[PDB]
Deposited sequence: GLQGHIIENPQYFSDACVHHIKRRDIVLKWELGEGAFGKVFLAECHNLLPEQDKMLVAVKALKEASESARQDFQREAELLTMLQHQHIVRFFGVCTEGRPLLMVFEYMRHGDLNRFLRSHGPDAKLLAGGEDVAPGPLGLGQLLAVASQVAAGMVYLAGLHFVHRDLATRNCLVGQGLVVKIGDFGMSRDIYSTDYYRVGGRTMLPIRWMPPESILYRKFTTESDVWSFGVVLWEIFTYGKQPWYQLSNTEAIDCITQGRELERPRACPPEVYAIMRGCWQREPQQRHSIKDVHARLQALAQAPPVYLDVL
């Protein structure tokens, strides 16, 4: 267990942000954590409840993951219950809420109104860069979706994996038997039929995140029931190009949605294509 430990006295809870089945999330002041900042804000997950094994296991993984575009783990408070995981506080919450709150249907890091192509591409670009880092570590995510990404000051987007997600977005899961929840709207046919998850099922999910990003957080197949969508995805039927989405981008999506996992573009490729675009000049983009 090679996990940075934090003293409970150094953590002062301010108030709750969110609930999950495995814990509650608080904003907290943390002291003497970063040397530049003798004080500073974090988010703290108290463990609720087999559950303590999970927490130890999550912590170890969160320490190992280190990347500009994967959520940032400060360490744990094991001294006295409840157990606390401490994380970087992301001011703008989850990319879904953020996307919904700056899309046509509805300050400091963002202009008023619909995000423009340039911003949309910078987001997709950041989520792609994260997914490079995990495919690097041969780490299969299995629930990649905008709800599972946070936005910070500067529009820094980071990938995590939340349980607040299975509770706030009950509707993004299909409950099968007792206690299992499947993000079926985000899964490839091989994940659904054979129940096989891989890097290749992750890049399928990336394409769906791309569609989320350019639809300003609409749910994939919102017009379908969970069984209508399973029919739809197994039967090979692809999501429509969103209004705000240039054909050149719908192309990167399509490469994520090849029926045959092997035939899907690598995430390094998709990243390359999107970063290219995100950093192309307004004159190049303005005619996409």
{"property": "Missing CA stretches, deposited numbering from 1, N-terminus first", "result": "1 to 15, 65 to 67, 125 to 129"}
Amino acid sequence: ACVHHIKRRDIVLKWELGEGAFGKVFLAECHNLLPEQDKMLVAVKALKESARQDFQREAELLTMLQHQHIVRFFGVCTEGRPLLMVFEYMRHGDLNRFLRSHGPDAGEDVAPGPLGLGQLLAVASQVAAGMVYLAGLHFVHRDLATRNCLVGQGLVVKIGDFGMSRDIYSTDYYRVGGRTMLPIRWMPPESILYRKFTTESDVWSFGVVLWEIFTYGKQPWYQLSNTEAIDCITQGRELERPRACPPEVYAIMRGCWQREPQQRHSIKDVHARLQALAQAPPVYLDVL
From here on, numbers count along this sequence of modelled residues.
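We call the rigid core the largest set of C-alpha positions that still match within 1.5 Å between the two forms.
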property: Stretch with larger C-alpha RMS deviation in 9 other deposited structures of this protein, core superposed, 142 to 150 versus 80 to 88; result: 80 to 88
property: Between stretches 201 to 209 and 154 to 162, more displaced by Cα RMS in 9 other deposited structures of this protein (rigid core superposition); result: 154 to 162
property: Unresolved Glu36 in a third or more of other entries flanked by modelled residues; result: yes
property: Check: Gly178 without coordinates in a third or more of other entries; result: yes
property: Average Cα temperature factor in the PDB entry - higher stretch of 183 to 191, 116 to 124; result: 116 to 124
property: Residue stretch of maximal mean CA temperature factor, 139 to 147 vs 174 to 182; result: 174 to 182
property: Chain-wide C-alpha B factor ranking for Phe197, given as lowest, middle or highest third; result: middle
property: Among modelled residues of the same chain, the CA temperature factor third for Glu260; result: highest
property: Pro220 - which third its CA temperature factor falls in, relative to the rest of the chain; result: lowest
property: Assigned third (lowest, middle, highest) for the C-alpha B factor of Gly93; result: middle
property: Third of chain Cα B-factors occupied by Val156; result: middle
